[PDB]
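Data first, discussion second: the structure below is written as structure tokens.
Hydrogens, waters and symmetry mates are skipped; everything else that's a heavy atom, side chains included, is used. We number each residue from 1, following the sequence as shown.
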Amino acid sequence: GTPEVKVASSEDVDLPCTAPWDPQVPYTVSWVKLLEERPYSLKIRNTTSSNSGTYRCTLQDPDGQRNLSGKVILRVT
């Protein structure tokens with residue numbers, strides 16, 4: 001059930017943060033790649049096949065007491 005983004009190689013992509021955030025709350029964002037307009041996106045320039053995989057965004061509340069996370073798949077072609 002994880003959404004996917006496909007992009008042609010050498011094109012830039014803004015990977016969307018799929019955490020279910022509250023638009024009236026300002027978050028800080030942290031992105032990881034799991035190996036083993038629209039805010040909070042991750043810019044990946046000049047994509048290559050290497051960039052394909054599963055990514056996780058985590059949004060941190062201002063007070064630092066809670067966070068929200070969501071995953072997205074990138075396929076570079």
Side-chain angles (χ1 to χ4, degrees), residues 1-36 38-77:
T2 302
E4 301 200 355
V5 173
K6 289 191 183 346
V7 64
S9 299
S10 80
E11 285 292 294
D12 297 349
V13 64
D14 294 334
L15 273 192
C17 181
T18 61
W21 75 79
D22 187 324
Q24 259 66 21
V25 169
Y27 302 86
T28 55
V29 58
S30 57
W31 278 93
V32 304
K33 192 183 185 185
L34 307 176
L35 308 171
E36 279 189 16
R38 190 196 171 103
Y40 309 128
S41 295
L42 176 72
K43 183 135 205 176
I44 299 173
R45 294 183 181 275
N46 309 323
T47 53
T48 65
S49 181
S50 310
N51 294 134
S52 301
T54 304
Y55 292 75
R56 182 184 73 210
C57 66
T58 299
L59 301 173
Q60 169 89 60
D61 197 282
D63 49 41
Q65 300 316 310
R66 51 194 76 89
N67 66 34
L68 310 89
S69 64
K71 297 177 192 71
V72 63
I73 293 158
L74 173 63
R75 300 187 199 275
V76 176
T77 43

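In this structure, OG in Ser52 is found 9.0 Å from NZ in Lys6, a value given to the nearest 0.5 Å.
Residues passing the side chain to side chain contact (heavy atoms under 4.5 Å, CB included) test with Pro62, sequence neighbours excluded: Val25, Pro26. Residues satisfying the side chain to side chain contact (heavy atoms under 4.5 Å, CB included) test with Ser69, not counting sequence neighbours, are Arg56, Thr58. The side chain to side chain donor-acceptor pair (under 3.5 Å) test applied to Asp12 returns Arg45, not counting sequence neighbours. Taking the side chain to side chain donor-acceptor pair (under 3.5 Å) definition, one finds that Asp63 meets it with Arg66, sequence neighbours left out. Remark: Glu4 pairs with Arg75 by the side chain to side chain donor-acceptor pair (under 3.5 Å) rule, at least two apart or across chains. By the side chain to side chain contact (heavy atoms under 4.5 Å, CB included) test, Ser10 is found to be paired with no residue, residues two or more places apart in sequence or in another chain being considered. Under the rule for a side chain to side chain contact (heavy atoms under 4.5 Å, CB included), the partners of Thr18 that lie at least two apart in sequence or sit in another chain are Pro3, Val72.
A single hydrophobic cluster is seen to contain both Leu42 and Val13, as judged by linkage of ILVMFWY side chains at heavy-atom distances under 4.5 Å, directly or through other members.
Sorted by first and then second residue, the salt bridge (charged side-chain N to carboxylate O under 4.0 Å, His left out) pairs with a member in residues 17-28 form an empty list; sequence neighbours excluded.
Hydrophobic cluster membership for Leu34: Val32 (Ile, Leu, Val, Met, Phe, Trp, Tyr linked by side-chain heavy atoms under 4.5 Å, directly or transitively).
Put simply, the side chain of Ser9 never gets that close to the backbone of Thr48: no donor and acceptor are under 3.5 Å apart. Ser49 places no side-chain N or O within 3.5 Å of a backbone atom of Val76 that could act as its donor or acceptor partner. Judged by distance alone, the side chain of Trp31 and the main-chain N or O of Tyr40 form a donor-acceptor pair under 3.5 Å.
Nearest approach of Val5 to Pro16, heavy atoms of both residues: CG2-CD, 3.8 Å. Across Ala19 and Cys57, no two heavy atoms sit closer than the pair N-SG, 3.7 Å.
Using a 4.5 Å heavy-atom cutoff, the side chains of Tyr27 and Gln60 are not in contact.
Of the listed residues (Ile44, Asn46, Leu15, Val7), just one forms a side chain to side chain contact (heavy atoms under 4.5 Å, CB included) with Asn51, and that residue is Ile44.
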